[PDB]
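Chains as they are written, first to last, in UniProt numbering: chain A, 25 to 519; chain B, 25 to 519; chain C, 25 to 519; chain D, 25 to 519.
Number of protein chains: 4
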Amino acid sequence: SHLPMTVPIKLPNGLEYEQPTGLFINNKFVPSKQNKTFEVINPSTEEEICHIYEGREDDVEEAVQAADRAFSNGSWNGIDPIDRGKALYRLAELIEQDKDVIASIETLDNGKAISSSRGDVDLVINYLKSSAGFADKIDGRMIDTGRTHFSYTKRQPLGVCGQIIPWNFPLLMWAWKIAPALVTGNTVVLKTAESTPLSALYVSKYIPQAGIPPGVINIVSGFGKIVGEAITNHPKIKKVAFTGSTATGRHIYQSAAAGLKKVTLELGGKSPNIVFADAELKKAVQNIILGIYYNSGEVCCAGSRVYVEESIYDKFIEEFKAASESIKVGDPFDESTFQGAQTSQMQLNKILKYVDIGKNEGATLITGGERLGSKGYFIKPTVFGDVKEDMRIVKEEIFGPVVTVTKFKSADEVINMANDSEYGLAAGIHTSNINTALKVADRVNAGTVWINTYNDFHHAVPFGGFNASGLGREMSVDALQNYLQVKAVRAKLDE
Amino acid sequence: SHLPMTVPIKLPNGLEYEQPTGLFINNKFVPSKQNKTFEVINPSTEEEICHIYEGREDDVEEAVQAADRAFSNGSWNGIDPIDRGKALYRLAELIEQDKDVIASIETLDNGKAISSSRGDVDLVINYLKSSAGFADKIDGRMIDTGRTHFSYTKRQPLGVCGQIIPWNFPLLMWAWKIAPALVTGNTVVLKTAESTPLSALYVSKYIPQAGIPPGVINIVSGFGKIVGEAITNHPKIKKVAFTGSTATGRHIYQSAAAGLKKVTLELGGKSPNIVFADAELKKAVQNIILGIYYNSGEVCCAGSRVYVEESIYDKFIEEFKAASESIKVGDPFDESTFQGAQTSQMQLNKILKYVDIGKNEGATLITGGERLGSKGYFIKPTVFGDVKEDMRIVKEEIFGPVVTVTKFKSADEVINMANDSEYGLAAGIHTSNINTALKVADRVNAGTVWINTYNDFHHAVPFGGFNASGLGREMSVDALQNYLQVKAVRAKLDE
Amino acid sequence: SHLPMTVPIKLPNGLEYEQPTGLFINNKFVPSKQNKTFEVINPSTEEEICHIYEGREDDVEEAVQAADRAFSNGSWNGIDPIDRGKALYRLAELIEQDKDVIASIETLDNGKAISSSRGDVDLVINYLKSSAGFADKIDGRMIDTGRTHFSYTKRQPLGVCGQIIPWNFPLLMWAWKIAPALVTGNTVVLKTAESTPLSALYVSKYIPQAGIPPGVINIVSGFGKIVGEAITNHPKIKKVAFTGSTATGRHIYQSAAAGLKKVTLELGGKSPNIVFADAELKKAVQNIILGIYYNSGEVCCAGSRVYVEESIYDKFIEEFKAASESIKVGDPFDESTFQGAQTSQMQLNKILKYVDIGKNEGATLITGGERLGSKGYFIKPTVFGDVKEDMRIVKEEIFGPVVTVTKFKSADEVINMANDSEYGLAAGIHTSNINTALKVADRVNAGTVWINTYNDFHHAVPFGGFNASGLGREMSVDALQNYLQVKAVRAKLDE
Amino acid sequence: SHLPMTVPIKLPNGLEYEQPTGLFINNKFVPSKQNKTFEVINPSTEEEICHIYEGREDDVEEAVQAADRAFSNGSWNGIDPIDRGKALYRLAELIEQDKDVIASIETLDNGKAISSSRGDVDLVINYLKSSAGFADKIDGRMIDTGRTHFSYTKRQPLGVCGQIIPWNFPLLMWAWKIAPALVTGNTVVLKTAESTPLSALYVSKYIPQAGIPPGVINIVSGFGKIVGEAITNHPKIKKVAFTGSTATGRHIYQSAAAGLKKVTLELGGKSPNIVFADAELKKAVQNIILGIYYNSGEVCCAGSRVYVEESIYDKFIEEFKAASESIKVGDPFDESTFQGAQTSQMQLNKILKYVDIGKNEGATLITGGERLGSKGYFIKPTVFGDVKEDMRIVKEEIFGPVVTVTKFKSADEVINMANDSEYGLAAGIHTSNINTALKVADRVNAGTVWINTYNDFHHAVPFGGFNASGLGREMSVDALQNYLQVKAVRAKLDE
Ligand SMILES: NC(=O)c1ccc[n+]([C@@H]2O[C@H](COP(=O)([O-])OP(=O)(O)OC[C@H]3O[C@@H](n4cnc5c(N)ncnc54)[C@H](OP(=O)(O)O)[C@@H]3O)[C@@H](O)[C@H]2O)c1
């Protein structure tokens, strides 16, 4: 079809890279059944990188059948669990050995500064190595009462899971969906993001070396509304895992519900940053900045609502504004930058639209709002203020580099304000007074609370939203609760 | 309205009973806002007992607002948990003290033989006393890594839950819905069954003595399709708990899903009884009988599929048939009976319809199928056989006193047969060979497996369905997992 | 023998009390086999209260044999654990109903102000009710690997335990030794303190009502060096529980070790109070005072080492001294007092001896050291200062109302000082800076750390010493670990 | 001293091996301070292998000081625990890569057939890899009550542990003592067995590659009564771990007790094998044989008490005797052998002495008792029978290839017999009846029970003795409980 399984790619920073194509089923790279293809575009070159075979419903079905066999033939299940664990551990090491290209690849796929993409690579590796350690720790329970009966409970894997990957931090999105599944004996039919698919497929070449038997991991990519329904509406799949926009979330929920499937979801949201008169402003400023510009602002918990205690208001804003002048924005393959590119023009247009809405509803613009020149998806960062609590700009999700700063008069009041919304994912607190910190942390309702820090992740700590914003958890030991179900056996003994 | 808050009821076995009416909100008995009423009928007299005020949407809304205040004013939450526990414990004792009438009341409400209704009263009491013990045991977790950070996780109550009660075993249905909620700090708006509402309201008179503050428990009754939607579609309710028919289950799921609510469900199902040549037939026969006639057959796990190993087939059926001749059926207030009445003519007609279908599709009738005379909802118990695996009668749910017996040739084959269905709630095994018992129990897929016993319940043991048949668990410690969610806090320490 | 089983006692505050005598074996009150007796003396009257039969080795042996039967006949063990739990719960209620006399009795036994004895009664009741809740929560574990094996672990009670009661807080000492035993199925041969034996026996009259079968609880009293060896050196007893002086602790350890017994111990110790410039002095002063005068100073963790940050030194001491002038000392049956009497002249002489040593080695006396008049065991409270770290007075245990205050220059230094000793039971911190509190708490080594509070107990929180000072824990769920051992069973399945 | 740090060793099966000498302190190989040496002898050649420097008290002290620094400088402790884990994992792989020599070395050290030494190498590797997985799973607990307080508990490493290695299975003895320590942050001063020291030192060469910082692992060897006291009586060591003979156990307990140290111990013991008429004799015979001849009989749980149900007695003994004729005994470096050599002439003489006692007290000898020729420590295996329950031979520990077979009449009686002793380490059951197996397993008291299997180990399953025979556990997750202690912190919040 004039599309060889691999294509040589030249990377801008001196690297030779061979990029695979096709779908990955039963550990083989294959062309799509209908012979369709689509073009992959570089976000800060505005140019073609390569062509990838496009999957369709026909291939989705094959992947499902493969996953079934992998589970039902017992090769992944009827084992000494320690072996399930060892294979994952090795895979993690194989990845570590190729770090230089992997970081470069991600940078190419999404514009994330190379200076930080490296961080995620290290994080994902530690995550995988750790989670492998649970393979032989998933215990059942003995219920012992009386002298005539025996009772036990045992945990079992649910079956085939369908999973959807977004495009914010592809490496982590990958690991958080696959490792919790594999470790308990589940198999996966995974949908890769269409806009940034390359790194996800590349790393699959190591699966056969790690020794994961064919059929356990199946990777399919193609356009979302097509592939998505092909997976979520199939009768075989038992569980559905999705992250994204609220409206989509509801829609998926209605369809999945029809089959009585188990469904987990994570939506985006908004979060407060409460700054008290006790904290050193110099430190608070650096933390607030990180929290709103990191990864081009395309972050699920990069809250924009900043509340500053009145007595320090004047200085927080004086310094914050001036500090922003130094945020170097530019080439993703330049270790000196901080801000990179946006994923595509879609999001770019959306962001700019809201900037204009803000100006018309009556928000005061302090800085930015301009496109950063004519080429590449870049936006000059903004600050808004003197925004009344009823403004649309403080209810809506921007998912970009826009921050709004308002006033704070009393602790009880800030708590009440912080809690008045449907999007309970995270919150941050800046102070030194032990009483205040404990009080606020235990009264503000959010998935997670960060004290004198922000965007600080660790593999042992769970993450997910409190009410409307979501159902289930992405990380740590508790994450495993949603991949398992409990069976119970009771027996009567005559004597 | 000519409906006093209480009415004297004379019970047939020498008891004086005062029956309350009205709705129970903020610990008060009140008349319904629209002044509507409906009549309560005696299942084996075919006669009127009393009139109850009928609730409507207007009252449902009030109950919701009450529940909200109970939660948000902190009186139930900001406490030393041990006190939450103590109040529940006392309530259980107050109930124990009135056992004689309570058993009589249930008998009046549903036709269950008095000889067994007593059992459930004792079971529910032990259940409640035990679960009270978790009030101060619901611990969080400390995550300790590095020397610069602190991490903890804490469990929090979800909020207001809506709950629906069926009509099979009202006392237990009550306890399994309320106690897991109360123990963690949740409040409840509960819908009582319309056909058998009396015992559920009577026992509420003790709530004010136990000391549960007003607003925590709200009891509303009225017609299902009205009240039901009034609760499930309200924006305040966070969780929905429902049990019932498969079709209804799906419907509720679609509506609840629209609000991204947390939804748990239990459907009915079917179950096998696998009888091996190793077991003593005399014992197997008594266990099989219990499993199909207990509580008039209106039992969620009273499986009708009986598989008998070929070498003993002739004797199992000879004895089983003859044994059934002794199952005394009659007056619910007669300690000598075994079988009581059916809930209503609706179910009666349904059962008889299927008996006729069986005869026409080609099933062989061994015994029964007749109505047991002209008065009261009674059915003469049946046995079918020589039924091919494709028959409608072995796919459908009867939910009544109908059993089908077939042949078994080989253990691998019975396992494969047992698993071929969507309704995975329970299974039973009858044998003496340790190898066989362990093999089958770990290969037949079901919510729960009973060895050499049947319908044997204990408060420490969990219960619920494996795949299609349900989501979540009704009893024991693991039940609490679905009433709680986890929050996490991470903090950075400078030094 | 002219000693009736009961004697009328008149209590000074209008109460009629009947006091039992004899030993309590198999739920019966019996006279001692050798017909010996001893006199009980009132600590602040200096006068005889009553005579109690004195036990001997002969009776100790009977108690042991009784305990054996209680265990081995299965009546306490082969049950639905929930029943073990219920009996304990009731016993706790029976005690609650008689609170007025119980508080008065303790006051009579040890001089503790009535104003605080009431507190311990409430605490012990909550403790017992809570721990009863574990009767049916002590679970085993299912180990599930491979497809050919089965593995489980189950916890079992150790057997007959011997226990020793000290004389500081008899009600709690009682509960902390008995309830953890009973809840798991162990039986106990308990030695009651000889100097303050009355309340311990009185409450035993309720055991037969609660429904604890005879032989489970056996109460014997008599002189320590006799009865003690009679228990610790017997071949039947499996576990030994002791609290007391360091030297005694070692001695018991050497004897118990000879039989390979399981031995737990708690010794007294010393603790620092670190006061920072950040804390409000008014609050710090009240907490420091409580911590050194509560319960006449006869408290295992009433640390005397006070470290005050230099910048506030002058005011801490000015206020502290003046504040002490208000500590009313007097009649135990006067709600207005704070300080009561010492247990006996033995301890009184010991305390005074050390005061004199202090004066001679060179400590500066600020106040007190005088006997508080000629009648009753009362001591005027003291304060010392300008005491060099090498002084004997800051190495030795006083176990009385003596406090020493020194200087603090730097946080690292105070941590290093705090940790330089063998007696690691507790520590306290007074501040408002979250960083400091977290740092110190995680660097000072002690059994337990209290922040901005002192002597603040709760049934859910564990307690015991870090290194030399002890082995094992007195309270909360973890306490149960030392009353149980684990059995494991593994089985191979052919198919 | 004419002793180079390494010596070339030629192995009989074609291998070139370089053997190190000296002590291993701070990751260096050093000569002993007093320049003493001793000779290593080959058990089935009766000949010199090499000379090893002999350690003394002076070196023991250095090792202790090194361990202290390793702990107190924080390099092993103040880390992200995941790194502690990774280093151990790598070490395990380095060992796996050198399996061929390691198995050969052990064979040289103790005469164990090469055909089975390989098994232990594989077992130890899996064990180490698994336990590494707990590095970041050792969690603390959050206690959450009220609204004014905070409570947490955290686990901390005890400190420097002293450990003693026996000579039965050196590879496992090594791993079971070191890995549970390292994983929690403890450091170790280890005493290597004097009679079989070589493999233990060889493997230490990989510690520096794994990356374990110097001072964490210190290996010292020399004569037992000297080195032993040097460690157990030192004031720095906090914990003592010992396995061995009962008398020694008691002695160590008395000394360690003097310092209030934490002491764990495992003694040998005896165990029953209960054979029922239901089991296939062919299988029972093979399992009984393994259980008494494996590893030359020098096994802690190789029980010799065989009880055979009367109805099958004649055939069990006919077959068992004949079967023993095939147990090939010979050269350790011959894959076809089953039985190898005894450790030394000491044990050889002891065994033979008991054979003679048996003959004189009146036991009937069925077979063996002869020395297997004049060269090498070999014994021809024996069988005794018609031995009355009072015979010394059935009370004493042989720790060699001697089995006694008696009669069994009734299940209750065998249970009562099985339990009549102080040495409760293990028991085995042979049957097919589920009721019998469950009954006996839950009535016979032993550390562990094996059903239709024997000597079947797995890393996830715990092991240790029930009463007299020991205190503590060697394997699995529960083993970690004795290397940690709990600290608790409570804090009061003003608001
Ligand atoms: N797994 C088991 O059941 C097991 C294991 C080992 C021994 N044993 C028993 O040992 C019996 C005879 O062997 P044995 O007399 O040589 O055993 P032992 O003296 O009890 O052996 C104990 C081990 O620890 C060392 N040791 C002994 N006493 C010590 C002390 N006071 N201080 C420090 N270290 C000390 C010894 O090292 P050195 O003697 O080499 O100096 C020896 O290897 C056998 O019959 C067997 O019952 C059983």
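Backbone N, C-alpha and C define an ideal beta-carbon position, used for all residues, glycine too.
In the segment 198 to 252 of chain C, which residue ranges form an unbroken alpha helix (DSSP H) of at least 4 residues, counting only runs that do not cross its ends?
222 to 226, 231 to 234
Can you list the residues of chain D that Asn459/B reaches, using a CB-CB cut of under 8 Å?
The residue given as residue 459/B occupies position 435 in the second sequence. The contacting residues are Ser456.
Does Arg171/D get closer than 7 Å to chain C when you measure Cβ to Cβ?
As a position in the fourth sequence, residue 171/D is number 147, starting the count at 1. No, no contact with chain C.
Determine the contact status of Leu314/D and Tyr113/D, defining contact as a CB-CB distance below 7 Å.
For the purposes of this step, residue 314/D is taken as the residue at position 290 of the fourth sequence. For the purposes of this step, residue 113/D is taken as the residue at position 89 of the fourth sequence. No; because the gap between Cβ atoms is not below 7 Å, this pair is not in contact.
Residue range of the alpha helix (DSSP H) that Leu118/D falls in?
Within the fourth sequence, the letter at position 94 stands for residue 118/D. Looking at the DSSP string, the run of the alpha helix (DSSP H) that includes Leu118/D is 106 to 120.
Whose C-beta lies closer than 6 Å to the C-beta of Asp302/A among residues of the same chain, with five residues either side of it excluded?
Residue mapping note: residue 302/A aligns to position 278 of the first sequence, counting from 1. Excluding positions up to five away in sequence, the list reads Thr455, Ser456, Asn457.
Grouping DSSP H, G and I as helix and E and B as strand, with all else coil, what is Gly327/A?
As a first step, residue 327/A is located in the first sequence; it is residue number 303 there, counting from the start. Coil at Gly327/A, not helix or strand.
Taking 7 Å as the CB-CB limit, is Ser154/C close to chain B?
Here residue 154/C refers to the residue found at position 130 when the third sequence is read from its first residue. Yes - at least one Cβ of chain B is within 7 Å of the one on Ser154/C.
Which of helix, strand or coil does DSSP assign to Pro486/C?
For the purposes of this step, residue 486/C is taken as residue 462 along the third sequence, with counting starting at 1. Three-state result, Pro486/C: coil.
Which residues in the same chain have their Cβ closer than 7 Å to the Cβ of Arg165/B, if we skip the five residues on either side of it in sequence?
To locate residue 165/B, count along the second sequence from 1; it is residue 141. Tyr176, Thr177, listed in sequence order.
Under three-state DSSP, which class holds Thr131/B?
By one-based count along the second sequence, residue 131/B stands at place 107. Three-state result, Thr131/B: helix.
For the segment 93 to 107 of chain C, which residues have a beta carbon sitting closer than 9 Å to at least one beta carbon of chain A?
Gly98, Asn101, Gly102, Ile103, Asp104, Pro105, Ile106
Any chance you could list the beta strand (DSSP E) runs of at least 3 consecutive residues sitting entirely within the segment 66 to 112 of chain A, in chain order?
71 to 78
What's the call for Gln58/D, buried or exposed, on a 16-neighbour Cβ count within 10 Å?
The sequence position of residue 58/D within the fourth sequence is 34, counting from 1. With fewer than 16 other Cβ atoms within 10 Å, it is exposed.
Which residues DSSP lists as bridging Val148/D, in chain order:
Along the fourth sequence, one-based indexing puts residue 148/D at 124. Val148/D pairs with nothing; no bridge assigned.
Given 6 Å as the limit, tell me if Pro190/D has its C-beta closer than that to any heavy atom belonging to ligand 3.
Ligands displayed in this structure: ligand 1; ligand 3 is not among them.
Residue burial classification, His482/A (beta-carbon count within 10 angstroms, cutoff 16)
Looking up residue 482/A in the first sequence gives position 458. By the neighbour-count rule (16 or more Cβ atoms within 10 Å), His482/A is buried.
Beta-carbon contacts of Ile106/C that lie in its chain and below 7 Å, excluding the five residues immediately before and after
By 1-based counting over the third sequence, the position of residue 106/C is 82. Same-chain partners within the cutoff: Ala159, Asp160.
Apart from the five residues on each side of it in sequence, which residues of its chain come closer than 7 Å, Cβ to Cβ, to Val468/B?
Locating residue 468/B in the second sequence gives position 444, where the first residue counts as 1. Taken in chain order, the residues that qualify are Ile439, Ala442, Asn443, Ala451.
Would you mind sorting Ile417/D into buried or exposed? The rule is 16 or more other CB atoms within 10 Å of its CB.
Reading the fourth sequence from its first residue, position 393 is the one you call residue 417/D. Buried, because 16 or more other Cβ atoms sit within 10 Å of the Cβ of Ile417/D.
Residues in the segment 178 to 204 of chain D with C-beta within 7 Å of chain B's C-beta atoms, listed in sequence order?
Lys178
Quick check: what's the CA-CA separation for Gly393/D versus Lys404/D?
Position 369 of the fourth sequence, counting from 1, holds the residue named residue 393/D. Position 380 of the fourth sequence, counting from 1, holds the residue named residue 404/D. Each residue's alpha carbon lies about 6 Å from the other.
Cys324/D beta carbon near ligand 1 (any heavy atom closer than 6 Å):
Within the fourth sequence, the letter at position 300 stands for residue 324/D. Under cutoff, so the answer is yes.
Within this structure, are the beta carbons of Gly496/C and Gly448/C separated by less than 7 Å?
Counting from 1 along the third sequence, the entry for residue 496/C is found at position 472. Counting from 1 along the third sequence, the entry for residue 448/C is found at position 424. No, the Cβ-Cβ distance between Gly496/C and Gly448/C is not below 7 Å.
So is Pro232/C buried or exposed if we call it buried at 16+ other beta carbons inside 10 Å?
Taking the first residue of the third sequence as 1, we reach residue 232/C at position 208. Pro232/C comes out exposed.
Distance CB(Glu78/A)-CB(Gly246/A) smaller than 7 Å:
By 1-based counting over the first sequence, the position of residue 78/A is 54. By 1-based counting over the first sequence, the position of residue 246/A is 222. Yes, Cβ-Cβ distance for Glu78/A and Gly246/A is below 7 Å.
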